[PDB]
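Peer 1: For reference, the structure I am asking about is given below.
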Amino acid sequence: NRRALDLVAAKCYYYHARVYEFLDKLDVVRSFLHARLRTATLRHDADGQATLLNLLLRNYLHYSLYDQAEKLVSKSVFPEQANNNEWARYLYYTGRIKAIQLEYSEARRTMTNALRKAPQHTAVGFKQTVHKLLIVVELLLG
Amino acid sequence: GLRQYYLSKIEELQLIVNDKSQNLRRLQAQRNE
Amino acid sequence: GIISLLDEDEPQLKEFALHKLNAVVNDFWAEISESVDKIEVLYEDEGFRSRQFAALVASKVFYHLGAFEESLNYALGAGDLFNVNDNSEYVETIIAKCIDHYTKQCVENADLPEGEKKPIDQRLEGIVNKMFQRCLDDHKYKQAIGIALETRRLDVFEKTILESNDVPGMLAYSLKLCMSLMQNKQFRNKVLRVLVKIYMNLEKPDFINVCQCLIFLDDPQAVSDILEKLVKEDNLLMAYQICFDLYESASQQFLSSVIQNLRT
Amino acid sequence: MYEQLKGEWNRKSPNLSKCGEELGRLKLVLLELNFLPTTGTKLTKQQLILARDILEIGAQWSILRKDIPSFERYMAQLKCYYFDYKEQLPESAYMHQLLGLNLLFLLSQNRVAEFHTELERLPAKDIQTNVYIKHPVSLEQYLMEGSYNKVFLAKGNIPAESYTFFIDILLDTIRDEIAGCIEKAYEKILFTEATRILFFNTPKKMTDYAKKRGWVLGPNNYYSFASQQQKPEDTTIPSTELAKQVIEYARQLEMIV
Amino acid sequence: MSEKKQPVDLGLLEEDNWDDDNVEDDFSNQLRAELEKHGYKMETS
Amino acid sequence: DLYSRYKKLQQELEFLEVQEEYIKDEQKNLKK
Amino acid sequence: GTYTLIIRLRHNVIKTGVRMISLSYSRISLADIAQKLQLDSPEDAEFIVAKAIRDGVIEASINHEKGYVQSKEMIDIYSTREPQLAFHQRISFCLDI
């Protein structure tokens, strides 16, 4: 029964991650997220294939392991419903993943699209980082 | 029983139906005008 | 990854590796999908001991990958390891797609079962009828009475009309569904024929709708026979009623034919 | 449950094929407990601290006897333990030396994605110190462009060990690459100059290298292979794909989309 | 409406109508005045 | 009932998409 | 967290320098390329220029016996097929929008 619970729970298990982020372990958060992902994406299409992916990737990189196998084969690449807010950070993450592996041609376009998807609000927290990378990688490419 | 299987199937069909309905509702207007 | 030591020949070391992999696959399905073909090599070696175990982990991998046809292939290959049916979403979704593949193939063979079919895996029809029996014991007979149509299999239907339910209710329900929704004569006539004789078998001979069924499929001789039996009951009342119900809906040609059977 | 590894043949003469027993040792250590901990029986280090040894000495013997797949296996397991559990001792002593060796091997087999990918997971030791690790990245940086004299100078400078096993392969894959590149740099070379720019001396090796390629000689002369003009002055393939392209323009221009 | 929030690392501790050209800042590395270079170069020769 | 929840859904799926065809042809004839 | 990306920028710098040198002059001895780009050695500049020629960075030839590098002259890019590709690449975009 998730004709509302799903899009209500998204925010819930988005703050849930922040709770552990500010404190203790994250590995078992990864285990839980991995389970929860196939707990979804099997009830036909239910969304969350956007938020859970970003939650999984947020600190998968922070632990400094650049696994990419599942990202090229991920079936949740295309939730298509992101409210134009999830899509930006998802594209940023996949762009940095692609750029760290000596691939510069596609990272520029994808992450420029990600940056220019950013909203108009005064806060510039993540825009600082995306700009910084978006110009390092352009110096690298030719 | 086997209710879960049936639920899954019926849910999938109903989820699909709405998109089609929508994409046809717009089409009717143009013809009418 | 530990899959490295899958390159060793020793079966004991394989039975260490696989029994880690099947316990951890949930979190590394993509990284193991990089090499699952090697597990198919272990499945191919009929000389290999514990051969059946590789099929389960391979099925888990391909399930995680969405290669559900391959998942079903190796689920069948792992066979009796699917004696568990009662918990994991893995088995639930696999048996659901098993139902789907089986019914679609049976509908294909509803043209002709002798139509040079791909030989049926006994494991497939095994687990499908096992889940059907599960549905029977759960008392959820309203599922079975429906699914009996989509297997296109008549004997299980002829049986399971007798169950914990009262026969006439489910029987009339099913006959109504058939007359309303069944898409083609090829199956509908078989279903009607195989069922309606129950009304001559049931402790009350319920001729009233037997006339109906014998005019939806024309058989003047049969209805003339049951009419003659009612006549030889020396009771006219039902033998009157059945025939006046006949007259309101039978074809003029049908009556002009059955007159021959009745007169001689 | 015994310290069989305490009877480790080493000293100055470990020549004996330890593998015959080593295999039984690895089999028994696996048959014991916690070959890969996952999460269990924490604070027990005898099965753990020993395993690191029962893998480091294995990998060193592996490099000595040229068993590339076995070395890859040992690398994998040791790279697992080195990182996964941080409740253990500092390990150390050989961690950096081995990591540098692994990076060197990645460079040797001409994979440049993995070398960059695995440069990560090191906090700051790339420039902090770790000469065992400054050498591989410096060699990679020199190799990325034409700077090759420094490469050969450094091939005689390894603070770790001989490393002839990989720097050899490197020498071969530099010889063939330079032979390929000189084919178009310039029109003519002198035979002495050609023999000296390539680092080999004057053996029959130069003659054989020329034989392996073309490099037809002249009177102290090397002819340039010259063509570079086949591609130009062509329109028919353009005259077809331009037609395809213009048809594609007109396709989605008037029909309702 | 106007949710406009991002989680982490807000930082930094808190005109010209002529289109920008890179070259302007290149010689901002030095050569403050053509004057100074010419004046203090010509005297030598 | 639970079987009709499948049959009726199949029937609406069948009936829809034939609605598409006449409108698709009609817009063509109209400008003509 | 960006030291690793920018630590590999030396090759881009040397490519830019050699391309600028190629575009500026037409015939220059390598006894001055090293001094201008401060490589502290002239001999390896030959290898650097050779690698540059390999990748199509510049089409200049080199007389090794002499030492000077001479470059070809390629003008009139308007007749080349590339501007048509450049126009097509954005015709597609303007039709899509």
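In the structure tokens, chains take the letters A, B, ... in the order shown, each chain's residues start at 1, and ligands count up from 1 in the order shown.
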Set the cut-off to 10 Å and count only C-alpha atoms: what are the residues of chain C that reach chain D? Output as a list in words.
Peer 2: residues 1, 2, 3, 4, 5, 7, 10, 12, 13, 16, 20 and 24 of chain C
Peer 1: Store the residues picked out above, limited to N, CA, C and O atoms, as a short mmCIF file (atom, residue, chain, number, x, y, z; two decimals), in the first residue's frame.
Peer 2:
```cif
data_model
loop_
_atom_site.label_atom_id
_atom_site.label_comp_id
_atom_site.auth_asym_id
_atom_site.auth_seq_id
_atom_site.Cartn_x
_atom_site.Cartn_y
_atom_site.Cartn_z
N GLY C 1 38.48 -9.79 -5.56
CA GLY C 1 37.40 -10.60 -5.04
C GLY C 1 37.79 -12.06 -4.91
O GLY C 1 38.69 -12.54 -5.60
N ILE C 2 37.11 -12.77 -4.00
CA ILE C 2 37.46 -14.15 -3.69
C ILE C 2 37.28 -15.06 -4.89
O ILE C 2 37.86 -16.16 -4.93
N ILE C 3 36.54 -14.62 -5.91
CA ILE C 3 36.34 -15.40 -7.12
C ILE C 3 37.66 -15.81 -7.75
O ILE C 3 37.70 -16.74 -8.56
N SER C 4 38.75 -15.11 -7.40
CA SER C 4 40.07 -15.52 -7.87
C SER C 4 40.30 -17.00 -7.61
O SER C 4 40.62 -17.76 -8.54
N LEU C 5 40.10 -17.44 -6.37
CA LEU C 5 40.42 -18.83 -6.08
C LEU C 5 39.41 -19.80 -6.67
O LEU C 5 39.54 -21.01 -6.45
N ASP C 7 39.62 -20.27 -9.68
CA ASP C 7 40.48 -20.87 -10.69
C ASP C 7 41.19 -22.13 -10.21
O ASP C 7 41.79 -22.82 -11.03
N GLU C 10 40.58 -27.80 -6.92
CA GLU C 10 40.12 -28.60 -5.79
C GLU C 10 38.64 -28.35 -5.49
O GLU C 10 38.26 -27.21 -5.21
N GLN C 12 36.94 -29.05 -2.81
CA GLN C 12 36.74 -28.53 -1.47
C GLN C 12 36.92 -27.01 -1.42
O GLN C 12 36.19 -26.31 -0.70
N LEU C 13 37.81 -26.47 -2.25
CA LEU C 13 38.02 -25.04 -2.23
C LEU C 13 36.89 -24.32 -2.96
O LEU C 13 36.49 -23.23 -2.57
N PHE C 16 34.21 -24.09 -0.53
CA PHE C 16 34.40 -22.95 0.37
C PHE C 16 33.97 -21.65 -0.31
O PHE C 16 33.22 -20.84 0.26
N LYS C 20 30.77 -19.00 0.49
CA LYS C 20 30.83 -17.57 0.81
C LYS C 20 29.97 -16.75 -0.16
O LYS C 20 29.23 -15.84 0.25
N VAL C 24 26.97 -13.85 0.33
CA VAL C 24 27.26 -12.42 0.19
C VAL C 24 26.77 -11.82 -1.12
O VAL C 24 26.86 -10.60 -1.29
#
```
Peer 1: Compile the contact shell of segment 10-26 of chain D as a JSON list (two decimals) with N, CA, C and O atoms, in the first residue's frame: residues with an atom at most 9 Å away, counting only C-alpha atoms, same-chain residues fewer than 6 positions apart removed.
Peer 2:
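So out.json came out as:
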```json
[["chain", "number", "residue", "atom", "x", "y", "z"],
["D", 4, "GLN", "N", 53.17, -23.65, 11.80],
["D", 4, "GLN", "CA", 53.99, -24.28, 10.77],
["D", 4, "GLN", "C", 54.81, -23.24, 10.02],
["D", 4, "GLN", "O", 55.93, -23.53, 9.59],
["D", 54, "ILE", "N", 51.57, -15.55, 5.50],
["D", 54, "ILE", "CA", 51.37, -16.74, 4.67],
["D", 54, "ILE", "C", 50.89, -16.29, 3.30],
["D", 54, "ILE", "O", 50.54, -17.11, 2.44],
["D", 58, "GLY", "N", 54.43, -15.82, 0.22],
["D", 58, "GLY", "CA", 53.97, -16.50, -0.97],
["D", 58, "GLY", "C", 54.12, -15.64, -2.21],
["D", 58, "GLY", "O", 54.60, -16.09, -3.24],
["D", 61, "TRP", "N", 57.78, -15.20, -3.26],
["D", 61, "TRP", "CA", 58.23, -16.38, -3.98],
["D", 61, "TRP", "C", 57.60, -16.42, -5.36],
["D", 61, "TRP", "O", 58.23, -16.83, -6.35]]
```
Peer 1: Please identify all residues of chain C having at least one atom at most 12 Å from any atom of chain A, considering only C-alpha atoms, and return them as a list in words.
Peer 2: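 Residues of chain C within 12 Å of chain A, counting only C-alpha atoms: residues 24, 25, 26, 27, 28, 29, 30, 31, 32, 33, 34, 35, 63, 64, 65, 66, 67, 88, 89, 90, 92, 93 and 94 of chain C.
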Peer 1: Could you save those same residues with C-alpha atoms as a tab-separated table (two decimals), in the first residue's frame?
Peer 2:
```tsv
chain	number	residue	atom	x	y	z
C	24	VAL	CA	27.26	-12.42	0.19
C	25	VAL	CA	25.84	-12.18	-3.38
C	26	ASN	CA	23.14	-9.73	-2.27
C	27	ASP	CA	25.70	-6.91	-2.01
C	28	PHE	CA	28.03	-7.68	-4.95
C	29	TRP	CA	25.75	-8.94	-7.72
C	30	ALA	CA	27.28	-6.73	-10.42
C	31	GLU	CA	30.89	-7.51	-9.51
C	32	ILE	CA	30.14	-11.24	-9.60
C	33	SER	CA	28.16	-10.88	-12.84
C	34	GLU	CA	31.53	-9.92	-14.33
C	35	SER	CA	32.47	-13.61	-14.25
C	63	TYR	CA	17.83	-12.53	-10.76
C	64	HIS	CA	19.76	-9.51	-9.54
C	65	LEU	CA	20.56	-8.77	-13.19
C	66	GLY	CA	16.98	-9.10	-14.45
C	67	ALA	CA	17.90	-11.95	-16.83
C	88	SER	CA	12.15	-14.86	-0.07
C	89	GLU	CA	10.93	-12.47	-2.75
C	90	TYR	CA	13.48	-14.18	-5.01
C	92	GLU	CA	8.18	-15.68	-5.23
C	93	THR	CA	9.03	-13.64	-8.32
C	94	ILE	CA	10.73	-16.59	-10.00
```
Peer 1: May I ask you to extract the residues of chain A within 9 Å of chain E, using only C-alpha atoms, and to give them as a VMD selection string?
Peer 2: chain A and resid 85 119 to 126 128
Peer 1: Go ahead and save the residues from that selection, with N, CA and C atoms, as a compact mmCIF listing (two decimals), in the first residue's frame.
Peer 2:
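Contents of again18.txt, as written:
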```
# COMPACT_ATOMS: atom_id res chain seq x y z
N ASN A 85 15.49 18.15 -9.27
CA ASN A 85 16.39 18.38 -8.16
C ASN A 85 17.29 17.19 -7.89
N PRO A 119 19.02 25.05 -9.29
CA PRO A 119 17.99 26.08 -9.10
C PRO A 119 18.56 27.47 -8.85
N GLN A 120 17.68 28.43 -8.57
CA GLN A 120 18.01 29.85 -8.50
C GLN A 120 18.31 30.32 -7.08
N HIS A 121 18.13 29.46 -6.09
CA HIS A 121 18.24 29.86 -4.69
C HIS A 121 19.61 30.43 -4.37
N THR A 122 19.65 31.26 -3.32
CA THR A 122 20.86 31.98 -2.97
C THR A 122 21.99 31.04 -2.56
N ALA A 123 21.66 29.91 -1.94
CA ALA A 123 22.67 28.98 -1.47
C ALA A 123 23.52 28.46 -2.63
N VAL A 124 24.83 28.44 -2.41
CA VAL A 124 25.78 28.11 -3.47
C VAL A 124 26.71 26.99 -3.02
N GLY A 125 26.23 26.14 -2.12
CA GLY A 125 27.10 25.16 -1.52
C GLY A 125 27.68 24.18 -2.53
N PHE A 126 26.81 23.43 -3.21
CA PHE A 126 27.28 22.46 -4.18
C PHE A 126 27.72 23.10 -5.49
N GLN A 128 29.63 25.54 -5.83
CA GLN A 128 31.06 25.80 -5.70
C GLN A 128 31.86 24.61 -6.20
```
Peer 1: Using only C-alpha atoms and a distance of at most 9 Å, pull out the residues of chain F that contact chain B, as a VMD selection string.
Peer 2: chain F and resid 2 to 3 5 to 6 9 to 10 12 to 13 16 to 17 19 to 20 23 to 24 26 to 27 30
Peer 1: Those same residues, written as a PDB file, in the first residue's frame with C-alpha atoms?
Peer 2:
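Result saved to part-v6.pdb:
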```
ATOM      1  CA  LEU F   2     -10.749 -11.036  -8.171  1.00  0.00           C
ATOM      2  CA  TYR F   3     -10.692 -12.617 -11.643  1.00  0.00           C
ATOM      3  CA  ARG F   5     -10.002  -7.413 -11.999  1.00  0.00           C
ATOM      4  CA  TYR F   6      -7.858  -9.025 -14.712  1.00  0.00           C
ATOM      5  CA  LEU F   9      -8.327  -4.538 -17.344  1.00  0.00           C
ATOM      6  CA  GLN F  10      -7.496  -6.607 -20.415  1.00  0.00           C
ATOM      7  CA  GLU F  12     -10.037  -1.739 -21.492  1.00  0.00           C
ATOM      8  CA  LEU F  13      -6.468  -2.206 -22.732  1.00  0.00           C
ATOM      9  CA  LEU F  16      -8.042   1.727 -25.923  1.00  0.00           C
ATOM     10  CA  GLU F  17      -5.570   2.045 -28.849  1.00  0.00           C
ATOM     11  CA  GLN F  19      -9.579   4.922 -30.116  1.00  0.00           C
ATOM     12  CA  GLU F  20      -6.173   6.079 -31.341  1.00  0.00           C
ATOM     13  CA  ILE F  23      -8.524   9.937 -34.538  1.00  0.00           C
ATOM     14  CA  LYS F  24      -5.187   9.381 -36.279  1.00  0.00           C
ATOM     15  CA  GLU F  26      -9.465  11.596 -39.085  1.00  0.00           C
ATOM     16  CA  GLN F  27      -6.875  14.305 -38.565  1.00  0.00           C
ATOM     17  CA  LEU F  30      -9.757  16.682 -42.177  1.00  0.00           C
TER      18      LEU F  30
END
```
Peer 1: For a test of reading the model, state the distance in Å between atom CA of residue 142 of chain A and atom CA of residue 109 of chain A, rounded to one decimal.
Peer 2: 14.4 Å
Peer 1: Using only C-alpha atoms, which residues sit within 12 Å of segment 93-95 of chain G once same-chain residues fewer than 4 positions away are excluded, as a list in words?
Peer 2: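 Contacts, with the query itself left out: residues 248, 249, 250, 251, 252, 253, 254 and 257 of chain D; 86, 87, 88 and 89 of chain G.
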Peer 1: Generate the output file for the selected residues, C-alpha atoms, as a compact mmCIF listing (two decimals), in the first residue's frame.
Peer 2:
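Printed below is result-v3.txt as written:
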```
# COMPACT_ATOMS: atom_id res chain seq x y z
CA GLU D 248 17.43 13.33 -42.86
CA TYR D 249 17.08 17.12 -42.61
CA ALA D 250 13.96 17.14 -44.74
CA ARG D 251 12.50 14.09 -42.97
CA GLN D 252 11.55 15.74 -39.67
CA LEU D 253 10.78 19.15 -41.14
CA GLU D 254 7.23 19.01 -42.52
CA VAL D 257 6.24 14.93 -34.90
CA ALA G 86 30.25 22.26 -37.80
CA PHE G 87 27.09 23.71 -39.34
CA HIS G 88 25.29 20.35 -39.32
CA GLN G 89 26.04 19.71 -35.65
```
Peer 1: Give me the residues within 10 Å of segment 227-241 of chain D as a list in words, counting only C-alpha atoms and dropping any in the same chain fewer than 6 places off.
Peer 2: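 Using only C-alpha atoms, the neighbours found are residues 184 and 247 of chain D; 81 of chain G.
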Peer 1: Please produce, as JSON lines, a per-residue contact table for chain D versus chain G (criterion: any atom at most 6 Å away, only C-alpha atoms considered), showing the nearest atom pair and its distance in Å to one decimal, sorted by chain then residue number.
Peer 2:
```
{"residue": "D:146", "atom": "CA", "partner": "G:48", "partner_atom": "CA", "distance": 4.4}
{"residue": "D:147", "atom": "CA", "partner": "G:44", "partner_atom": "CA", "distance": 5.9}
{"residue": "D:185", "atom": "CA", "partner": "G:50", "partner_atom": "CA", "distance": 5.8}
{"residue": "D:186", "atom": "CA", "partner": "G:62", "partner_atom": "CA", "distance": 5.7}
```
Peer 1: Nearest to chain D: which of A:40, A:4, A:12, A:102 is it, counting only C-alpha atoms?
Peer 2: A:102
Peer 1: Near residue 48 of chain A, within 9 Å and counting only C-alpha atoms, which residues show up once chain neighbours fewer than 2 positions away are dropped, as an NGL selection string?
Peer 2: :A and (6-7 or 10 or 37 or 40-41 or 46 or 50-53 or 76 or 79)
Peer 1: Those same residues, written as a PDB file, in the first residue's frame with C-alpha atoms?
Peer 2:
```
ATOM      1  CA  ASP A   6       6.395   5.755  -1.306  1.00  0.00           C
ATOM      2  CA  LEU A   7       6.802   9.459  -2.062  1.00  0.00           C
ATOM      3  CA  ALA A  10      11.563   9.066   0.118  1.00  0.00           C
ATOM      4  CA  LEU A  37      16.820  -0.963  -3.663  1.00  0.00           C
ATOM      5  CA  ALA A  40      11.772  -1.534  -4.798  1.00  0.00           C
ATOM      6  CA  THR A  41      12.289  -1.652  -8.573  1.00  0.00           C
ATOM      7  CA  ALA A  46       7.841   2.791  -7.792  1.00  0.00           C
ATOM      8  CA  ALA A  50      16.571   8.190  -7.817  1.00  0.00           C
ATOM      9  CA  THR A  51      16.957   8.949  -4.109  1.00  0.00           C
ATOM     10  CA  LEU A  52      18.377   5.560  -3.115  1.00  0.00           C
ATOM     11  CA  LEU A  53      20.981   5.750  -5.879  1.00  0.00           C
ATOM     12  CA  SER A  76      17.761   2.698 -12.050  1.00  0.00           C
ATOM     13  CA  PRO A  79      13.716   7.017 -13.008  1.00  0.00           C
TER      14      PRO A  79
END
```
Peer 1: Need the shell around residue 95 of chain D: protein/DNA/RNA residues with any atom at most 12 Å away, counting only C-alpha atoms. Skip same-chain ones fewer than 2 positions apart. Format as a VMD selection string?
Peer 2: chain D and resid 52 to 53 55 to 56 75 78 to 79 81 to 83 90 to 93 97 to 102 122 130 132 to 133
Peer 1: How about saving the chosen residues, C-alpha atoms kept, as an mmCIF file, in the first residue's frame?
Peer 2:
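out-v8.cif written:
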```cif
data_model
loop_
_atom_site.group_PDB
_atom_site.id
_atom_site.type_symbol
_atom_site.label_atom_id
_atom_site.label_comp_id
_atom_site.auth_asym_id
_atom_site.auth_seq_id
_atom_site.Cartn_x
_atom_site.Cartn_y
_atom_site.Cartn_z
ATOM 1 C CA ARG D 52 49.333 -11.807 6.033
ATOM 2 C CA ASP D 53 52.696 -13.549 6.332
ATOM 3 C CA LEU D 55 50.561 -14.446 1.768
ATOM 4 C CA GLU D 56 53.432 -11.945 1.639
ATOM 5 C CA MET D 75 47.810 -9.620 -4.738
ATOM 6 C CA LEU D 78 46.568 -9.274 0.417
ATOM 7 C CA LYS D 79 44.961 -6.123 -0.979
ATOM 8 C CA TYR D 81 43.364 -7.665 4.210
ATOM 9 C CA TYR D 82 45.549 -4.541 3.969
ATOM 10 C CA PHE D 83 42.481 -2.294 3.663
ATOM 11 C CA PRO D 90 49.933 -1.265 11.698
ATOM 12 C CA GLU D 91 50.933 -4.212 9.480
ATOM 13 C CA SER D 92 53.573 -2.088 7.772
ATOM 14 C CA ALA D 93 57.181 -3.086 7.028
ATOM 15 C CA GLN D 97 56.807 -1.910 -1.055
ATOM 16 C CA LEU D 98 54.159 -4.384 -2.178
ATOM 17 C CA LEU D 99 51.708 -1.670 -3.203
ATOM 18 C CA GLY D 100 54.357 -0.014 -5.345
ATOM 19 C CA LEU D 101 55.176 -3.368 -6.899
ATOM 20 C CA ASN D 102 51.513 -3.906 -7.780
ATOM 21 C CA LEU D 122 46.385 6.349 -0.635
ATOM 22 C CA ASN D 130 56.971 6.692 0.358
ATOM 23 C CA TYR D 132 58.546 3.056 -2.972
ATOM 24 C CA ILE D 133 55.510 4.951 -4.286
#
```
Peer 1: What is the atom CA of residue 145 of chain D to atom CA of residue 16 of chain G distance in Å?
Peer 2: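 Between atom CA of residue 145 of chain D and atom CA of residue 16 of chain G the gap is 13.1 Å.
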Peer 1: DSSP on the backbone, alpha helix (DSSP H) only: what residues of segment 3-144 of chain C does that give? Format it as a count of residues only.
Peer 2: 95
Peer 1: Please produce, as a tab-separated table, a per-residue contact table for chain B versus chain C (criterion: any atom at most 7 Å away, only C-alpha atoms considered), showing the nearest atom pair and its distance in Å to one decimal, sorted by chain then residue number.
Peer 2:
```
residue	atom	partner	partner_atom	distance
B:1	CA	C:140	CA	5.0
B:2	CA	C:135	CA	6.2
B:5	CA	C:96	CA	6.6
```
Peer 1: So, counting only C-alpha atoms, which residue among D:210, D:112, D:131, D:216 is closest to chain A?
Peer 2: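 Distance minimum relative to chain A lands on D:112.
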